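Colleague: Got a structure here, written out as structure tokens. Questions coming.
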Amino acid sequence: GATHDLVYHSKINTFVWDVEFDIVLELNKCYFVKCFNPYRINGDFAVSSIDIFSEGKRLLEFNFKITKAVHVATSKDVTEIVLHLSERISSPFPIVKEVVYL
Amino acid sequence: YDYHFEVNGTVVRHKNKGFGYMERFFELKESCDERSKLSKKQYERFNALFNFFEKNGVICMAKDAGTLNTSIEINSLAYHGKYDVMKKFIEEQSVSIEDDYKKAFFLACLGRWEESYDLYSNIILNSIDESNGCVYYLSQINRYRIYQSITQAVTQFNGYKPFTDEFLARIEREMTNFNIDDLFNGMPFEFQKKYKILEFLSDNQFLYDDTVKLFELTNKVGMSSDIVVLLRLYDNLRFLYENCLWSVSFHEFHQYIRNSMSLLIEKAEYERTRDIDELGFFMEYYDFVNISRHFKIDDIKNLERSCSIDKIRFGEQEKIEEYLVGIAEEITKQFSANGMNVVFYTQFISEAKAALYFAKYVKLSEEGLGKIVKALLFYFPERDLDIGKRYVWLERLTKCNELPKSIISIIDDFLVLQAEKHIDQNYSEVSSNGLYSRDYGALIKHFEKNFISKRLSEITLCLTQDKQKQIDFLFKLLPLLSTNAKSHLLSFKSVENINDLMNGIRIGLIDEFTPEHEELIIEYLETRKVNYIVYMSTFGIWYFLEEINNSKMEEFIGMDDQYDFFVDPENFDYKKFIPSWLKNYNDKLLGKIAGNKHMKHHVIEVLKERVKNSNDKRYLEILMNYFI
Amino acid sequence: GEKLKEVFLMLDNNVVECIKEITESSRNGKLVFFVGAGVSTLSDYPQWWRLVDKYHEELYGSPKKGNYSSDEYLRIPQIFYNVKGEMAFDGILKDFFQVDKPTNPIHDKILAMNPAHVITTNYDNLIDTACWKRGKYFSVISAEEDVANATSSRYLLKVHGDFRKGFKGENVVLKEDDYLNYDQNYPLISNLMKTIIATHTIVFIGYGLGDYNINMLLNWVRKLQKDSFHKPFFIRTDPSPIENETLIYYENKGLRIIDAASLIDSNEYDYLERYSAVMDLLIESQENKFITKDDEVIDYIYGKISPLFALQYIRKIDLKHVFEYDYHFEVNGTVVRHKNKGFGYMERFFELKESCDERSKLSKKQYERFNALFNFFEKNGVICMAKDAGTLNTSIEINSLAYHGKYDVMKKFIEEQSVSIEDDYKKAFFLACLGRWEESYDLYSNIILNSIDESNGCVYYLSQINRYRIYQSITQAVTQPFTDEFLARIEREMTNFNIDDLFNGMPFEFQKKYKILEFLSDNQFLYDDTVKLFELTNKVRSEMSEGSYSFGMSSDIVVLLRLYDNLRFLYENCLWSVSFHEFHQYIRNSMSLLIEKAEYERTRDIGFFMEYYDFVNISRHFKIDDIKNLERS
């Protein structure tokens with residue numbers, strides 16, 4: 001029940017909101033950031049780029065059924081809510097905890 | 001209220017029911033015969049008053065107007081950022097109490113708040129009787145302001161170790177219930193009469209009338225009040241720094257220049273874009289300083305966003321180069337050693353980040369660009385710029401400039417340093433942005449694609465197997481190597497990956513594209529077909545761009561509608577073309593989709609549908625700047 | 001922090017009454033400490049007997065064997081002064097008094113009670129330099145020519161001199177002949193001290209009941225009348241407790257003794273815990289920590305709000321300054337704590353709101369006081385703590401005929417006869433609104449002529465302000481309508497009206513109970529809210545360009561509810577300051593940036609429902625060209 005922080009950055013169709021993912025792609029304490037560099041030099045043809053964290057980079061081979069997602073503040077497993085935001089959006093990584101906007 | 005003193009040096013009359021004494025004074029200025037008529041003591045008084053009026057920038061009546069050349073010249077070492085000469089003035093011995101007052105303000109500026117507090121106290125103890133009162137009144141104010149900066153400063157530094165607790169106890173038992181609102185009311189009979197213009201300094205909020213005039217700008221706007229407002233900035237700001245006032249460091253003044261420069265930049269933008277009929281803001285050195293110091297980086301971002309700094313030009317670029325090289329050498333000398341005043345570090349690092357960020361637009365020399373780039377890469381501290389943020393700043397410094405090969409040598413040195421630091425198998429490489437050191441290599445390949453790195457060639461002549469991070473990092477730094485050492489790193493050939501040939505191999509490598517990877521794509525898509533009856537866009541774009549060469553794709557229509565949108569543009573059902581799908585594509589693709597007509601006119605109708613129905617401006621900008 | 005509370009529980013009636021008198025005299029600002037030698041000698045300051053010792057050393061050679069009585073403290077220096085002369089006497093004066101002793105905490109506790117004057121009999125520079133370290137200008141008045149050049153109204157009256165002007169025996173009072181014909185050497189200092197004693201609350205601290213200054217002043221107050229003066233206090237810090245015959249005798253002499261040794265348990269040499277004991281008993285008596293009875297918190301709240309039962313509307317950022325920085329009153333009816341080092345009296349008040357059983361527990365007069373305070377807090381739109389939040393339905397309802405534009409009913413109220421002076425004040429404001437500026441000016445004058453003594457002060461203070469504002473509207477109005485005789489009459493009436501000293505000249509009760517009504521006698525007062533509008537225009541204008549469709553809370557609504565707080569304050573208390581251009585710029589700029597702000601949040605696509613009151617505010621505080629430009633951009 002933490003909809004008071006849910007932002008819908010929609011140049012890249014994300015949902016910037018601090019969750020902490022527990023993944024099977026099996027790890028713990030995951031959180032995601034994304035880029036917005038459309039003028040990127042030699043960095044594929046995509047504007048955004050995921051930078052998956054596991055207290056540092058995991059150094060990526062990724063399918064990721066989502067296993068456990070917990071909000072930071074009230075801890076309130078927001079699992080089904082995250083599924084709902086995956087039930088609508090057809091982009092990779094609906095919940096992305098920061099967006100840089102280069 | 002005998003005159004109205006306007007900010008150009010022109011004086012008008014208002015309610016002077018009298019002789020017209022200032023008019024007679026200016027008549028005494030031009031007339032040489034009248035100055036002989038006076039007495040000698042009043043002749044010398046006339047010369048002192050003459051030096052006063054020429055110094056403070058009031059030149060003449062509004063009757064005789066003319067070349068109103070207005071220019072601010074702040075003669076204070078604290079404003080320009082000359083931290084060296086400040087220190088050299090402080091350890092010199094002063095022989096006057098007014099030199100002590102400046103010396104106090106200077107080491108108030110350097111973060112040496114304790115010794116400045118004590119020197120504010122000694123002037124009060126030793127200039128009490130009658131100097132003029134001003135270096136007893138202002139120093140007591142400045143002691144209270146530096147008390148408020150210490151007290152507010154240790155509020156959130158704890159919640160790393162700014163001041164001892166004994167000094168906090170001493171200034172607490174000293175400044176315990178200081179009321180500033182009765183200081184001038186208790187100054188003697190002479191001081192209250194001769195200096196009843198110096199009482200707003202003992203008042204908390206005093207810069208607020210000018211704020212209300214800024215609303216006249218923002219409201220319903222030849223000559224304008226714009227320049228007047230700007231020359232009022234240059235009057236208040238010049239008053240604080242030149243009389244050495246510590247009230248500059250607080251947040252009222254910071255909001256003042258923030259709001260004022262914001263609305264003058266947006267105002268001159270507004271007058272520039274009054275163009276719906278008829279097809280300046282020169283930004284001198286002092287404005288470069290004021291933007292670099294009284295903003296944060298996010299403010300300067302938002303001045304790039306809404307108002308457009310493409311039209312804005314920059315002058316006096318040699319002194320801008322001097323300020324920038326001064327920031328470069330000062331961050332160099334502060335971080336070539338252990339030198340850290342934590343307070344002075346915090347204020348200085350705000351000025352430094354903002355100055356280089358806003359130094360994208362100005363032009364430099366080669367050795368100046370070398371010095372700023374060297375200080376930005378090597379001696380610049382961590383926790384403030386990460387190695388992708390350094391690519392943002394450096395990318396700004398290298399975008400509008402043709403790179404004169406010495407910066408290539410410096411960035412090469414930084415790449416050698418990163419390769420010599422990825423030896424330890426615990427390195428993290430923050431830059432939570434997503435930009436990394438491969439992009440530094442890509443930048444060199446963007447300007448000098450024929451560059452060969454010497455020491456990296458020697459390092460790849462010494463990597464057998466043992467240092468895995470150094471191998472992987474140097475693999476992401478691929479194209480800057482020599483062929484024999486290149487193959488020596490290509491001892492570790494790729495795997496059966498598809499988009500981890502992109503994600504694992506982030507160095508292009510479609511120029512070297514094996515035929516069995518067409519076959520591996522065939523294997524992948526037939527497994528996705530047999531599992532389909534039970535990543536992707538990248539090779540769909542690769543077939544659409546015709547960088548790969550295979551006609552197997554035609555039998556795989558239906559697995560992905562993006563892939564259907566990029567394999568067969570003619571037989572694609574544009575009825576079920578998802579729009580989302582258009583914000584994730586860059587200029588090369590959004591700019592060669594327009595090359596494909598069957599795609600282009602259908603997405604013209606659906607983008608007109610979405611721009612007309614909703615109110616998106618991403619789809620509006622893609623509808624204007626690339627497609628049609 | 002608990003023992004002092006227990007001492008407050010173990011005090012008798014009389015001492016408690018004395019503490020209440022002292023904290024009353026401090027809170028009005030009529031408190032004048034008469035300190036002495038004792039408050040200085042805990043700074044390890046040189047006492048006088050040591051000087052007499054060294055004087056005896058150069059006088060008779062060998063040390064004196066036994067007792068020093070009173071006059072040896074005057075005679076042995078006097079003999080020294082007749083033998084060795086001025087200069088050597090000044091020498092011992094320099095060598096003993098050129099010290100740099102620090103400041104005791106009891107000087108701080110004296111200077112924490114907000115004294116009007118401070119009278120003293122010391123020779124140091126401790127308490128004045130303690131004031132220079134503070135900000136409280138006490139004009140240090142040590143000699144007779146210091147009196148005529150006294151630069152303030154808060155004194156520091158060293159009534160025996162100081163070594164400020166040199167360490168000479170000419171400037172201070174030390175010897176027997178000096179104390180003898182004192183009142184023909186310093187005739188003016190004593191006049192000022194007796195003036196301050198006759199017009200304030202004198203509290204003695206640092207003396208014993210044998211001191212010549214104390215008995216001298218007690219001789220003077222026996223020369224006076226009976227009912228004229230105020231009985232002084234005497235903080236007694238002696239090693240032995242006070243005896244009953246000394247008590248009966250010196251209370252009948254005129255003093256009011258508060259003992260420190262019979263209030264706590266201490267030792268023979270521990271002075272500082274007794275000075276800090278009674279002196280901090282005064283200070284935490286100011287800090288409301290001793291208020292624990294429910295009746296007492298009703299007394300406190302009624303003591304601070306029963307002034308404001310006359311005003312129709314009170315702003316939230318004024319009620320913040322009624323209970324001075326004890327809470328932060330935010331504009332939704334939710335109250336948070338800030339620096340309430342005390343009982344939590346408002347929290348207990350809201351506990352008294354919901355609980356029905358607690359309201360029966362009080363007394364009947366404080367029950368009716370509770371109902372009046374209840375009607376106050378429901379009227380001004382402050383409902384609850386921020387702990388218990390909920391349906392924060394905020395809605396402005398301006399109940400003023402001048403705002404809605406009902407010009408008919410206004411006229412019909414004006415020609416009706418009023419039977420109260422507060423009906424006259426509204427009636428005046430109404431025909432100020434109708435352009436009938438002359439009759440409103442005269443009715444502003446008649447209320448001043450006929451409500452001067454004590455109604456509440458508010459319909460004497462505000463009507464004088466409103467007369468000056470309608471004077472400024474007439475005078476500025478005829479600049480660019482009225483007969484020239486009336487222009488001459490208000491010119492010879494309002495010729496050099498200074499508004500900046502009106503509240504400074506309102507009486508003792510008015511300045512205390514209505515030190516929230518002084519911004520109305522100030523020219524530019526609506527400017528803080530302007531600076532908050534820049535926070536809107538700044539970087540919550542930075543979110544359109546990224547498409548962030550967020551759905552949270554912003555300062556937007558807060559700003560709008562601050563418009564609806566200032567605007568409601570002006571029209572409902574019938575203030576003519578609405579008609580000027582500061583207020584017009586205020587609603588102009590504020591509504592401009594809220595309309596452009598809600599536009600900005602609407603076009604982050606990469607509410608603002610506009611009720612009746614906003615239609616009114618756009619129709620009145622804009623011009624047509626403004627509304628055009630709100631259609632344009």
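Residues are referred to by chain and number: the chain letter is A, B, ... according to the order shown in the structure tokens, the number counts from 1 in that chain, and ligands are numbered separately from 1 in the order shown.
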Taking only C-alpha atoms into account, report as a count of residues only which residues of chain C lie within 7 Å of chain B.

Modeller: 10

Colleague: Write out as JSON, numbers by chain all residues of region 10-241 of chain C that DSSP puts in alpha helix (DSSP H) for this structure's backbone.

Modeller: {"C": [10, 13, 14, 15, 16, 17, 18, 19, 20, 21, 22, 23, 24, 25, 26, 27, 28, 38, 39, 40, 41, 48, 49, 50, 51, 52, 53, 54, 55, 56, 57, 58, 59, 72, 73, 74, 75, 76, 77, 78, 79, 80, 81, 82, 83, 85, 86, 87, 88, 89, 90, 91, 92, 93, 94, 95, 96, 97, 105, 106, 107, 108, 109, 110, 126, 127, 128, 129, 130, 131, 132, 133, 145, 146, 147, 148, 176, 177, 178, 179, 180, 182, 183, 184, 185, 189, 190, 191, 192, 193, 194, 195, 196, 197, 198, 212, 213, 214, 215, 216, 217, 218, 219, 220, 221, 222, 223]}

Colleague: Kindly provide, as an NGL selection string, the residues of chain B having any atom no farther than 7 Å from an atom of chain A, counting only C-alpha atoms.

Modeller: :B and (428 or 433-434 or 439 or 442 or 504 or 506 or 538 or 583-586)

Colleague: Output as CSV one row per residue of chain C within 10 Å of chain A: the closest atom pair and its distance in Å to one decimal place, counting only C-alpha atoms, sorted by chain and residue number ascending.

Modeller:
residue,atom,partner,partner_atom,distance
C:543,CA,A:9,CA,9.8
C:545,CA,A:11,CA,9.3
C:546,CA,A:11,CA,6.5
C:547,CA,A:10,CA,5.4
C:548,CA,A:9,CA,4.4
C:549,CA,A:8,CA,5.0
C:550,CA,A:7,CA,4.5
C:551,CA,A:4,CA,6.9
C:552,CA,A:4,CA,5.4
C:553,CA,A:4,CA,8.0
C:604,CA,A:10,CA,9.5
C:605,CA,A:10,CA,7.7
C:606,CA,A:11,CA,5.8

Colleague: Excluding same-chain residues fewer than 2 positions from residue 533 (chain C), what lies within 8 Å of it counting only C-alpha atoms, as a list in words?

Modeller: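 Once the adjacent positions are removed, what remains is residues 529, 530, 531, 535, 536, 537, 559, 590 and 593 of chain C.
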
Colleague: What is the CA of residue 541 (chain C)-CA of residue 554 (chain C) distance in Å, reported with one decimal?

Modeller: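 Between CA of residue 541 (chain C) and CA of residue 554 (chain C) the gap works out to 12.0 Å.
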
Colleague: Show which residues sit within 12 Å of residue 519 (chain B), as a PDB file with C-alpha atoms, in the first residue's frame. Count only C-alpha atoms, and ignore same-chain residues fewer than 2 positions away.

Modeller:
ATOM      1  CA  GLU B 496      26.853 -19.476 -28.188  1.00  0.00           C
ATOM      2  CA  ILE B 498      22.797 -14.123 -28.938  1.00  0.00           C
ATOM      3  CA  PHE B 513      29.887 -11.676 -37.681  1.00  0.00           C
ATOM      4  CA  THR B 514      30.336 -15.427 -38.183  1.00  0.00           C
ATOM      5  CA  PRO B 515      28.025 -17.387 -40.532  1.00  0.00           C
ATOM      6  CA  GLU B 516      27.189 -19.927 -37.832  1.00  0.00           C
ATOM      7  CA  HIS B 517      25.605 -17.083 -35.859  1.00  0.00           C
ATOM      8  CA  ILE B 521      19.848 -17.483 -34.838  1.00  0.00           C
ATOM      9  CA  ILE B 522      18.128 -20.203 -36.901  1.00  0.00           C
ATOM     10  CA  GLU B 523      18.582 -22.676 -34.023  1.00  0.00           C
ATOM     11  CA  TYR B 524      17.323 -20.104 -31.516  1.00  0.00           C
ATOM     12  CA  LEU B 525      14.194 -19.235 -33.505  1.00  0.00           C
ATOM     13  CA  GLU B 526      13.323 -22.861 -34.256  1.00  0.00           C
ATOM     14  CA  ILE B 548      23.232  -9.074 -41.201  1.00  0.00           C
ATOM     15  CA  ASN B 549      22.700 -11.159 -44.345  1.00  0.00           C
ATOM     16  CA  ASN B 550      20.149 -13.972 -44.089  1.00  0.00           C
ATOM     17  CA  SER B 551      16.761 -14.682 -45.653  1.00  0.00           C
ATOM     18  CA  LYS B 552      15.664 -17.242 -43.049  1.00  0.00           C
ATOM     19  CA  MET B 553      13.634 -14.598 -41.201  1.00  0.00           C
TER      20      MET B 553
END

Colleague: To one decimal place in Å, what is the distance between CA of residue 108 (chain C) and CA of residue 125 (chain C)?

Modeller: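 Between CA of residue 108 (chain C) and CA of residue 125 (chain C) the gap is 14.3 Å.
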
Colleague: How far is it from CA of residue 197 (chain C) to CA of residue 32 (chain C), in Å with one decimal?

Modeller: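 Pair CA of residue 197 (chain C) / CA of residue 32 (chain C) returns 8.1 Å.
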
Colleague: Could you name the residues that touch residue 123 (chain C) at 7 Å or less, counting only C-alpha atoms, but leaving out those on the same chain fewer than 5 positions away, as a list in words?

Modeller: residues 161, 162 and 163 of chain C

Colleague: Give me, as a list in words, all polymer residues having an atom no more than 10 Å from residue 73 (chain A), counting only C-alpha atoms and skipping those fewer than 2 positions away in the same chain.

Modeller: residues 2, 18, 19, 70, 71, 75 and 76 of chain A

Colleague: Using only C-alpha atoms, which of C:347, C:378, C:128, C:484 sits nearest residue 301 (chain C)?

Modeller: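 Looking at the shortest contact to residue 301 (chain C), the residue is C:347.
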
Colleague: Which residues come within 12 Å of region 264-277 of chain C, counting only C-alpha atoms, excluding same-chain residues fewer than 5 positions away, as a ChimeraX atom specification?

Modeller: /C:1,3-8,10-11,35,38-43,104-110,204-207,235-241,258-259,282-285

Colleague: Produce a file of the selected residues containing N, CA and C atoms, as a short mmCIF file (atom, residue, chain, number, x, y, z; two decimals), in the first residue's frame.

Modeller:
data_model
loop_
_atom_site.label_atom_id
_atom_site.label_comp_id
_atom_site.auth_asym_id
_atom_site.auth_seq_id
_atom_site.Cartn_x
_atom_site.Cartn_y
_atom_site.Cartn_z
N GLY C 1 16.04 17.40 36.63
CA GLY C 1 14.76 17.74 36.05
C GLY C 1 13.59 17.20 36.84
N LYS C 3 14.01 16.46 40.46
CA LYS C 3 14.12 17.00 41.81
C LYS C 3 13.53 18.39 41.91
N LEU C 4 13.75 19.24 40.89
CA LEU C 4 13.17 20.58 40.89
C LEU C 4 11.65 20.54 40.88
N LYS C 5 11.08 19.62 40.10
CA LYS C 5 9.65 19.34 40.15
C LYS C 5 9.20 18.93 41.55
N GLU C 6 9.97 18.07 42.22
CA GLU C 6 9.63 17.66 43.57
C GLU C 6 9.74 18.82 44.55
N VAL C 7 10.69 19.73 44.32
CA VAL C 7 10.81 20.91 45.17
C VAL C 7 9.60 21.81 44.94
N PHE C 8 9.12 21.87 43.70
CA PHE C 8 7.89 22.61 43.41
C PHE C 8 6.69 21.95 44.06
N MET C 10 6.95 20.47 46.97
CA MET C 10 7.13 20.59 48.41
C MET C 10 7.19 22.05 48.86
N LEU C 11 7.01 23.00 47.95
CA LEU C 11 6.95 24.40 48.34
C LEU C 11 5.63 24.69 49.03
N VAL C 35 21.37 42.94 41.75
CA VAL C 35 22.39 41.98 42.15
C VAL C 35 23.45 42.68 42.99
N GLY C 38 27.69 38.88 45.89
CA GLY C 38 27.64 37.43 45.91
C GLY C 38 27.63 36.77 44.55
N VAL C 39 26.88 37.33 43.60
CA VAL C 39 26.82 36.81 42.24
C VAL C 39 28.15 37.01 41.53
N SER C 40 28.98 37.94 42.01
CA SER C 40 30.30 38.13 41.41
C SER C 40 31.36 37.25 42.04
N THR C 41 31.23 36.91 43.33
CA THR C 41 32.32 36.23 44.00
C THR C 41 32.38 34.74 43.69
N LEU C 42 31.41 34.21 42.96
CA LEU C 42 31.52 32.84 42.50
C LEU C 42 32.27 32.75 41.18
N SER C 43 32.65 33.90 40.61
CA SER C 43 33.55 33.93 39.46
C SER C 43 35.01 33.98 39.89
N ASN C 104 29.98 33.17 35.47
CA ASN C 104 29.25 32.09 36.10
C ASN C 104 27.98 31.78 35.32
N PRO C 105 27.43 30.58 35.46
CA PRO C 105 26.11 30.31 34.88
C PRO C 105 24.98 31.06 35.55
N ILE C 106 25.18 31.61 36.75
CA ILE C 106 24.10 32.32 37.41
C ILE C 106 23.91 33.71 36.82
N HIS C 107 24.96 34.29 36.21
CA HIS C 107 24.77 35.48 35.39
C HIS C 107 23.90 35.18 34.18
N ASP C 108 24.05 33.98 33.62
CA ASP C 108 23.25 33.54 32.49
C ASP C 108 21.79 33.37 32.89
N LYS C 109 21.56 32.77 34.05
CA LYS C 109 20.21 32.53 34.53
C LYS C 109 19.52 33.83 34.90
N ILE C 110 20.29 34.82 35.38
CA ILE C 110 19.76 36.17 35.55
C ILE C 110 19.40 36.76 34.19
N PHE C 204 16.10 41.01 44.85
CA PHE C 204 17.45 41.03 45.40
C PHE C 204 18.08 39.65 45.27
N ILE C 205 19.30 39.60 44.76
CA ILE C 205 20.04 38.35 44.68
C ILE C 205 21.52 38.63 44.88
N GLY C 206 22.13 37.99 45.88
CA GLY C 206 23.55 38.11 46.09
C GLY C 206 23.93 38.85 47.35
N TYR C 207 22.96 39.12 48.21
CA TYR C 207 23.17 39.92 49.40
C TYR C 207 22.91 39.09 50.65
N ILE C 235 16.13 37.01 47.48
CA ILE C 235 16.71 35.68 47.43
C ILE C 235 17.82 35.61 48.48
N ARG C 236 17.66 34.72 49.46
CA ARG C 236 18.64 34.55 50.52
C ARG C 236 19.40 33.26 50.31
N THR C 237 20.70 33.38 50.04
CA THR C 237 21.58 32.22 49.95
C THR C 237 22.65 32.33 51.03
N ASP C 238 22.31 31.89 52.23
CA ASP C 238 23.22 31.87 53.36
C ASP C 238 23.45 30.42 53.76
N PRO C 239 24.58 30.11 54.40
CA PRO C 239 24.81 28.73 54.86
C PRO C 239 23.81 28.26 55.89
N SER C 240 23.44 29.11 56.84
CA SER C 240 22.41 28.78 57.82
C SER C 240 21.05 29.18 57.28
N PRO C 241 20.00 28.43 57.62
CA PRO C 241 18.64 28.85 57.27
C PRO C 241 18.23 30.10 58.04
N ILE C 258 12.81 34.95 49.94
CA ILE C 258 12.80 33.57 49.48
C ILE C 258 14.14 32.98 49.89
N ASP C 259 14.12 31.99 50.77
CA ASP C 259 15.35 31.35 51.20
C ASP C 259 15.73 30.23 50.25
N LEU C 282 12.89 29.58 39.13
CA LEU C 282 12.26 30.62 38.33
C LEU C 282 12.23 30.28 36.84
N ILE C 283 13.33 29.73 36.31
CA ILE C 283 13.41 29.55 34.86
C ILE C 283 12.50 28.42 34.39
N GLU C 284 12.53 27.26 35.05
CA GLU C 284 11.58 26.22 34.68
C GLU C 284 10.16 26.51 35.15
N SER C 285 9.97 27.55 35.97
CA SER C 285 8.62 28.06 36.13
C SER C 285 8.14 28.79 34.88
#
